[PDB]
Amino acid sequence: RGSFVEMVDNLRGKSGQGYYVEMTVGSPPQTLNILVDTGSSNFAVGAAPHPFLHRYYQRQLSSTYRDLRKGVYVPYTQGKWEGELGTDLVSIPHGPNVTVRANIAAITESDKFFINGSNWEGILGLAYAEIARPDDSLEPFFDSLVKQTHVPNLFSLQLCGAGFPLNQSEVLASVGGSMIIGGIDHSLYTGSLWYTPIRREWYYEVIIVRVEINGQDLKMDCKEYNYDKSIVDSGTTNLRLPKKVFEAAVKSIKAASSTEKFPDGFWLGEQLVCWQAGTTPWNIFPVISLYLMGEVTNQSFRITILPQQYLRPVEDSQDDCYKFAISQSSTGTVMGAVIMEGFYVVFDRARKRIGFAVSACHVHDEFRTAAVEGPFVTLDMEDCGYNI
Ligand SMILES: CN1C(N)=N[C@](C)(c2cc(NC(=O)c3ccc(F)cn3)ccc2F)CS1(=O)=O
């Protein structure tokens, strides 16, 4: 049974541009669409006109706005934002029926931060205070929500990829998934939930202990899979792998799919590949299994994804086109939105663990499905974690 009907289907979006939830800020409430981001810890909202924003937070119109008299500059590789810190009353209309006083970074200037046509105006960083900007004294939203209300210290995400391109109108009219705040909705997954420990509370850090491509062991020292960390990040599109792991994985995926040759640009995630309508040869592409440390000593479990997760549908014609959604990283493994689309993911902060189950909305075919299976006996799993 599904016990969180009020929160089911409260997300919209897609892997290319992000999944967002409606929120309100200020008095009277100002509605904004906000990116759900498990890879950052600031609640940061557009607060000044921008060519890609149709609306923004207007602090002068909120009677409950409190100015913290402090600026913040946040540069990323992917862009940058500058803002002004304050607090205000915040609600999630399709969430728990509560209003909390939370920190808000009011974005006044930005570079390559906002995405044209994404339909979101801010980011909800759901990770821990350690990585909050400017520092860990800026309490993240979820910490405020738990402290001020009786909402349990857990949230869960079901990101739903359509399996085909959605145009501007369809992506606005379509349900993109669910963010269950304070619980688990059992209608969103099939099979069992398997849990991996949160290694440390900063990002949602986990430990990968084995990687297979179509059941063939990638056979690298497991420290390589987590060099320099492995995280679960709804604010990244792709599955991102450390350089050496990416090189080994692409070699293995090319070998498994060798009956068709794809240009170098496809494997670089830059160029699309197209097939005649309905003829995508899913079967030539391998499944990918990531084994994660279990909660029991010397036990692991695996999550298996299909090419329907790691090939991202894009518009070209009536052809079915895709981009390869696995890419190289110099900051560790990132299990991004395309991986999360295969699973219902439970961020059980209270028990310092992350749960995975097969998603009721994952894209598959009649021959293969995504999977979450276990247990497997795995020794010296702590050695897979990277230090320094
Ligand atoms: C990886 N990153 C992350 N998790 N959060 C940040 C806040 C971020 C995320 C986005 N996310 C996105 O734009 C996005 C796009 C498609 C998706 F499926 C998910 N997220 C945009 C700006 C930004 F600063 C910083 S980042 O280092 O870039």
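Every heavy atom of this structure was used, including side-chain atoms; hydrogens, water molecules and symmetry mates were not. Nothing fancy with the numbering, it's 1 onward along the sequence. Remember, it's 1-based here, ligands and their atoms both numbered in the order they're listed.
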(Q) Hydrogens and angles aside, do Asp348 and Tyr195 bring a side-chain donor and acceptor to less than 3.5 Å of each other? (A) no
(Q) If you measure every N or O of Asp37 against every N or O of ligand 1, does any of those distances drop under 3.5 Å? (A) yes
Q | ligand 1 versus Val74: contacting region, heavy-atom distance under 4.0 Å | A | neither
Q | By salt bridge (charged side-chain N to carboxylate O under 4.0 Å, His left out) - contacts of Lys244 (at least two apart) | A | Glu224
**Q.** Within reach of ligand 1, part of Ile115 (heavy-atom separation under 4.0 Å)
**A.** side chain
**Q.** Heavy atom of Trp120, distance to ligand 1 below 4.0 Å
**A.** yes
Q. Does even one non-hydrogen atom of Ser234 get within less than 4.0 Å of ligand 1?
A. yes
Q) What part of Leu35, side chain, backbone, both or neither, has a heavy atom within less than 4.0 angstrom of ligand 1? A) side chain
Q) Who's closest to atom 20 (N) of ligand 1 heavy-atom-wise, of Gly18, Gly125, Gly39, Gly235? A) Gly235
Q: Please identify which atoms of ligand 1 are closer than 4.0 Å to at least one heavy atom of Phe113.
A: 22 (C), 23 (C), 24 (F)
Q. Can you list every disulfide bond (SG atoms under 2.5 Å apart) pair that touches residues 276-312, not counting sequence neighbours?
A. none
Q. Looking at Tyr203, is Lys229 sitting on its ring face, NZ or CZ under 6.0 Å from the six-membered ring centre and within 45 degrees of the normal?
A. yes
Q: Examine ligand 1 and decide if any of its atoms is less than 4.0 Å from a heavy atom belonging to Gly13.
A: no
Q.
Do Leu126 and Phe155 make a side-chain contact, defined as non-hydrogen atoms from C-beta onward lying under 4.5 Å apart?
A. yes
Q) Side chain, backbone, both or neither: which part of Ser118 comes within less than 4.0 Å of ligand 1 when only heavy atoms are counted? A) neither
**Q.** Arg210 bridged to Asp217 by N-O distance under 4.0 Å
**A.** yes
(Q) Using heavy atoms and a 4.0 Å limit, tell me yes or no: is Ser15 in contact with ligand 1? (A) yes
**Q.** Cationic N near anionic O, under 4.0 Å, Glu247 to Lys251
**A.** no
**Q.** Numbered atoms of ligand 1 (with element) below 4.0 Å of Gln78, judged on heavy atoms
**A.** 26 (S), 27 (O), 28 (O)
